[PDB]
Amino acid sequence: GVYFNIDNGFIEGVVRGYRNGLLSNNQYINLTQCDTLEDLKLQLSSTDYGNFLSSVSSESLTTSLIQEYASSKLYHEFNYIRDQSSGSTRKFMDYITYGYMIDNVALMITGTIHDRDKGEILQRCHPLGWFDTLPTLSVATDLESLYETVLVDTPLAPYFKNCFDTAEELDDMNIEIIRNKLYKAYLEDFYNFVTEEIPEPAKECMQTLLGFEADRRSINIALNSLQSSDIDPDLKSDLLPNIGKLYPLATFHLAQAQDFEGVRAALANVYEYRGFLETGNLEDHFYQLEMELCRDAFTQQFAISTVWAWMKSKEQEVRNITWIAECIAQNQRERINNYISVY
Amino acid sequence: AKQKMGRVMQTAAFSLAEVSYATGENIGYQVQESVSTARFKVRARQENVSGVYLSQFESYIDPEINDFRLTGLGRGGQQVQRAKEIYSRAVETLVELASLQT
Amino acid sequence: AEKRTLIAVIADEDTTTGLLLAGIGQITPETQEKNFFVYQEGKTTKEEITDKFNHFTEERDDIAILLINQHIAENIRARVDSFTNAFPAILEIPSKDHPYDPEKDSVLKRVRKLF
């Protein structure tokens with residue numbers, strides 16, 4: 003591949019430069035010792051992120067404020083990176099944004115099934131997943147009104163067309179099912195879009211990483227299977243994204259599995275996920291493998307997949323920042339090193 | 053029990069924080085108005101301590117367990133269990149306070 | 002009295018409600034009112050908190066515990082006023098989002114005074 007410079011060479015270069023300002027392992031360790039909130043803020047100011055720590059007063063300076071500043075930096079950098087690009091890179095960024103927009107639309111669903119004064123949701127909606135019709139859905143009250151505000155003038159319409167008949171949700175949890183249903187539809191759309199419009203090596207990288215994410219969603223669903231009276235295994239197969247690496251040998255068997263014994267046994271059919279179902283923790287190892295995959299995709303250095311790599315790598319970095327800030331400011335030193343810093 | 057409501061309550065709060073980190077966002081908005089009666093209740097107090105009918109609340113878990121569980125990632129159940137343990141600590145502290153008043 | 006469930010309303014931090022409703026919570030489906038009213042984390046005046054406290058601890062007949070965030074060190078006088086009896090609401094002051102269980106807690110203040 004050589005054509006990539008013609009359309010996203012500048013975008014790739016600036017995204018790589020943004021990657022180079024990640025959390026230095028020594029710097030992160032030094033910040034970890036600086037358990038004091040002010041000391042941690044000073045250390046983070048010493049980090050490449052800049053003078054964000056001095057933007058807010060030390061009085062309100064907390065782990066929540068630190069994560070808010072990190073989210074603001076994420077949103078602004080991602081806004082610049084998508085605004086400076088066009089074409090295939092523009093659509094890729096659009097999709098990335100839709101990933102969080104699914105969750106933001108799910109939050110917008112809250113307040114429709116039960117009146118909830120959507121102003122707080124609008125003020126609290128995740129910025130990276132901003133939707134153009136989000137205020138339009140905010141005004142809509144009835145289920146059909148919100149559905150029209152989402153099936154029309156909102157880009158997520160194909161997902162709400164592949165499922166969500168009348169969007170009643172009288173016996174289907176939004177976050178547990180409806181959010182997972184739209185998430186699965188998004189995962190399928192992403193996978194086929196990568197397979198049909200993204201060149202290699204980014205094509206193969208995107209296929210592998212999307213399979214990883216779909217497998218993560220399937221594993222979470224399987225873990226949540228045993229704690230629900232609803233979500234029958236007939237629905238669980240529907241609940242799965244119907245795509246990914248484990249599909250179909252491990253995905254179908256896990257979906258048919260209902261007892262806890264099926265859960266772990268199913269992950270053993272695949273070599274990559276061996277041990278996650280039998281040791282450690284689901285989410286922590288999920289983030290570990292995701293960061294490793296992001297580094298692997300960033301190694302290619304001349305692919306569209308590098309944008310997704312930096313997205314997910316420094317999403318893991320923001321998760322690590324949350325972990326460290328919480329465990330340091332509020333004094334839980336035992337798992338301060340649970341954060342991943344192999345970037 | 054007050055210094056437990058410092059330490060152990062911090063531990064349960066960080067259980068919630070780890071669950072949020074797994075979910076990547078504050079699940080508090082979803083948890084809001086999740087269920088009418090979560091899996092816990094306070095039974096009527098009844099006891100007689102040192103000749104006085106001190107009313108220590110013997111709270112017990114609701115039979116309809118996990119009425120608002122099963123949402124998000126796998127850490128939700130662990131956070132629910134940690135919250136139930138902290139709530140048992142809370143019932144103990146409330147019973148001790150009711151004794152310290154009566 | 003009868004059985005009931007806890008509530009947590011003190012405007013310092015409502016994240017305690019998020020961290021506790023996973024195991025223990027309270028809403029009134031018959032009354033269509035969430036008994037575990039949020040604290041808004043400082044987004045509401047103390048008048049609404051006082052009104053909710055009066056409704057829960059002086060209008061509700063069903064008796065159970067109640068929780069309060071770091072605002073318990075701010076509304077100590079009202080806490081002493083409503084804490085005259087263990088029922089209907091025996092108050093409590095969890096730490097919430099910051100370590101906020103000093104000697105300034107009203108129950109701890111009474112314990113120290115009688116200590």
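The listed protein sequences derive, respectively, from chains d, M and N.
The authors' numbering applies: residue 3 is where the first sequence begins, and numbers increase by one.
The authors' numbering applies: residue 53 is where the second sequence begins, and numbers increase by one.
The authors' numbering applies: residue 2 is where the third sequence begins, and numbers increase by one.
Positions of the beta carbon are idealized from the N, C-alpha and C atoms, including for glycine.
9 Å Cβ cutoff, d:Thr114 in contact with chain N = no
Take M:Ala142 as the anchor and find which of M:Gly124, M:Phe92, M:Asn118 has the nearest alpha-carbon.
-> M:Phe92
First and last residue of the uninterrupted alpha helix (DSSP H) at d:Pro157 | Per DSSP, d:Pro157 belongs to no alpha helix (DSSP H) and is neither H nor E.
Per DSSP, which residues does M:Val147 bridge with? Please list them.
-> Its beta-bridge partners do not exist; DSSP assigns none.
Nonlocal neighbours in the same chain, by C-beta distance under 6 Å from d:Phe288, ignoring five residues either side | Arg218
Determine the direct distance from the alpha carbon of d:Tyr345 to that of d:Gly23, and round the result to whole angstroms.
-> 10 Å
At a cut of 8 Å, does the region 251-266 of chain d reach the region 99-111 of chain M through at least three beta carbon pairs?
-> no
So, d:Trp310 versus d:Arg21, is the Cβ gap smaller than 9 Å?
-> No, the Cβ-Cβ distance between d:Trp310 and d:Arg21 is not below 9 Å.
State the start and end residues of the unbroken alpha helix (DSSP H) segment that holds N:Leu20.
-> 16-21
Are M:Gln131 and d:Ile177 closer than 9 Å when you measure CB to CB?
-> no
Whose C-beta lies closer than 8 Å to the C-beta of d:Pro137 among residues of the same chain, with five residues either side of it excluded?
-> Here the set comprises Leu124.
Alpha carbon to alpha carbon, how far is M:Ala74 from N:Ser107?
-> 36 Å
Please indicate yes or no: does the CB of N:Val108 lie closer than 8 Å to some heavy atom of the ligand NAD?
-> For the ligand NAD, the structure offers nothing, since it holds no ligand at all.
Are the Cβ atoms of M:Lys54 and N:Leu109 separated by less than 9 Å?
-> It is a contact, given that the beta carbons lie within the stated cut-off.
Could you pull out every unbroken alpha helix (DSSP H) segment of at least 4 residues lying fully inside the region 56-98 of chain d, listed in chain order?
-> Under the rule that a run must span 4 or more residues, the alpha helix (DSSP H) segments found entirely inside the region 56-98 of chain d read 65-85.
Anything in chain M within Cβ reach of N:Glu42, meaning under 7 Å, just list it in chain order.
-> Near N:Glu42 there are no residues of chain M at all, since even the closest Cβ is about 10 Å away, more than 7 Å.
Where d:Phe12 falls, given that 16 or more other Cβ within 10 Å makes a residue buried | exposed
Can you say whether N:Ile94 is buried or exposed, counting buried as having 16 or more other CB atoms within 10 angstroms of its CB?
-> buried
When the Cα of N:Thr16 is compared with those of M:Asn78, M:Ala90, M:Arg134, M:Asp119, which residue comes out closest?
-> M:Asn78
Mapping DSSP to helix, strand and coil, what is N:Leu68?
-> strand
Consider the Cβ of N:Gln27: report whether some Cβ of chain M lies at a distance smaller than 9 Å.
-> yes
Closest residue to d:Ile245 among d:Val265, d:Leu211, d:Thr281, d:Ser231 (Cα-Cα distance) | The option with the nearest alpha carbon to d:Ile245 is d:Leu211.
With distances taken Cα to Cα, identify the nearest neighbour of d:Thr112 among d:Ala268, d:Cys127, d:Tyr100, d:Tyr102.
-> d:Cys127
Looking at C-alpha atoms only, which residue of d:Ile233, d:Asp240, d:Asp9 is the closest neighbour of d:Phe94?
-> d:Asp9
In chain d, which residues lie with their C-beta within 8 Å of the C-beta of M:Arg134?
-> The contacting residues do not exist; M:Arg134 stays about 13 Å from chain d at best.
Using a C-beta cutoff of 9 Å, does d:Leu67 count as contacting chain M?
-> Answer no: the Cβ-Cβ gap between d:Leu67 and chain M never drops below 9 Å.
Determine the burial state of d:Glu336: buried for a count of at least 16 other Cβ atoms within 10 Å of its Cβ, exposed for fewer.
-> exposed
Around the Cβ of N:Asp52, are there at least 16 other Cβ atoms within 10 angstroms (buried) or fewer (exposed)?
-> exposed
Under 9 Å by beta carbon: chain N residues contacting M:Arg95 = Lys4
Just reading off the alpha helix (DSSP H) that M:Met61 is part of, what are its end residues?
-> 54-75
Is d:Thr324 close to chain N, meaning its C-beta is less than 9 Å from at least one C-beta of that chain?
-> So, not an interface residue.
Under the assumption that d:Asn333 contacts d:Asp37 (Cβ atoms under 8 Å), give the Cβ distance between them as a whole number of angstroms.
-> 7 Å
Identity of the residue in M:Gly58, M:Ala90, M:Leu149, M:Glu85 nearest M:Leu106 by Cα | Taking only the C-alpha atoms, the option nearest M:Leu106 is M:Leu149.
Would you mind working out which of d:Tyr273, d:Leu269, d:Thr64, d:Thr197 sits nearest d:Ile326, comparing C-alpha positions?
-> d:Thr64
With distances taken between CB atoms, is the gap from d:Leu284 to M:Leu125 smaller than 9 Å?
-> yes
The region 151-167 of chain d touching the region 178-195 of chain d, judged by at least three CB pairs closer than 8 Å = yes
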